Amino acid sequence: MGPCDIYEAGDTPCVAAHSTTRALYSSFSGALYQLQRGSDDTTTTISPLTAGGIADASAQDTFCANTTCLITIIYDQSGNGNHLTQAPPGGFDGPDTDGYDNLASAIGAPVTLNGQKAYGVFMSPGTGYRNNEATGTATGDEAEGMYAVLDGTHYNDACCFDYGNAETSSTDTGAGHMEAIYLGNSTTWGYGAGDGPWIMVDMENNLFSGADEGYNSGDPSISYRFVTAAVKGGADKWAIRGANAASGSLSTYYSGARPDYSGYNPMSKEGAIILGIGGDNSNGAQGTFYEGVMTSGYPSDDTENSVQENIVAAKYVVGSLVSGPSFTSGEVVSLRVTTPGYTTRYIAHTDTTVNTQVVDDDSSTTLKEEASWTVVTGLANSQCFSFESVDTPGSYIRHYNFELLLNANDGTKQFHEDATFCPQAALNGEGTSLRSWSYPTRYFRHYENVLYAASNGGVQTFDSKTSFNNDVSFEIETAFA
């Protein structure tokens, strides 16, 4: 019995069931999600390895070898056709072609489920999925449940990392026109105890941590690396439940009346589905989605408790973000360019500008230090790495407007995320490619001898697909200094 078999048994069946990690029905063996690769722009689907089983991650690794992959579609396993696709422009434009939101990397969110590798949906700011043509989803004041298993440590305070019911126009049509899980440390509207992040409910013109606008004491800060967020809503009732998706039970952080403010009772739900964005296409948020559903009707505590027990038995554990040669903390390296015609150039810097330059045993000591990097434990992720300047200690390679800069560590979360890179076996097979931890669609990429955090295709000039594989591949060499 999968989560959707459990909801079904409670007479509150799934009407949308979305996972890149596993089947949510014991008898589901169809496509979980679709991949598109940058090498030829073709697509494939990933299914469970067994009916009711875990995603075929090895089939993703095969399709995505020596290239980059986007998740184009998260299929609805319920049969309602409620597939999640690239989110369209709305009240806000996204950063992608015609104001669409970015697709997620296929490889930003590696996990194992009971020891078996799978991939979640790692969503950087500007990433979003949507279905504005959804069937069987609750509308008006009709009862619904939902849950998502999310990364409790991947979040920001920008609007809005949501999963659930939103507006079919992708615009703000008012209070009560949304009911979606929120995860992050936004304090623009609601917040809970501590420093966050919180699970809140986006009802539009508000994230609610409970009955009141703003502070509600009973909504705790989330500790867990994997968080089960379970939200439900009916006729002037709604609840927030939270669990460690790896251990134990759901606790109820809110349950009772609609917030007693203009437009939240009755609700005006439109039945659209969003992931990673606000209802109005607010696209500043980040977070990671592994699995989730939306139901018809108001699930009992008992149904959700059984879903949580099943989630625990799926045994979510952090996967490896790193492949290829990789590094040790304290090692000093030079990174050689492998692109034919630039194979004597190394990653260097001129002040804050990270670039490539010819470096050999006759270069000035100045340039030798600028082309030498102390590798340290990743500032935002201890599996990955940060690249510290030899000539400027305490300064690291960080992306900013997708250009690589050498900036001083200012101790902030944002700097740490922008300065964390995950070594990957080079796309051209010569050494390492360095994937952005925070924007895993992007890699260290030289373009006109300057370093960018470039995507394999995209809206920036430095995202050119020409020579991408070569331009993101670097040999790890003894530091000049």
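Just count from 1 along the sequence shown to find any residue number.
As recorded in the PDB entry, 260-268 is the stretch of 260-268 and 393-401 with the greater mean C-alpha temperature factor.
A summary of the deposited B-factors shows that, of 189-197 and 104-112, the stretch with the larger mean C-alpha value is 189-197. Within the listed group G120, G152, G214, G378, the record reports its top CA B-factor for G214.
Which of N156, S124, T173, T72 has the largest Cα B-factor in the deposited entry comes down to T173.
The deposited CA B-factor of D98 belongs to the highest third of values across its chain. Ranked by C-alpha B-factor against the other modelled residues of its chain, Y346 falls in the middle third. Looking at the C-alpha B-factors along this chain, the one for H446 belongs to the middle third. In the deposited entry, the Cα temperature factor of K232 sits in the bottom third of values across the chain's modelled residues. Among the modelled residues of its chain, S27 has a C-alpha B-factor that falls in the highest third according to the deposited record.
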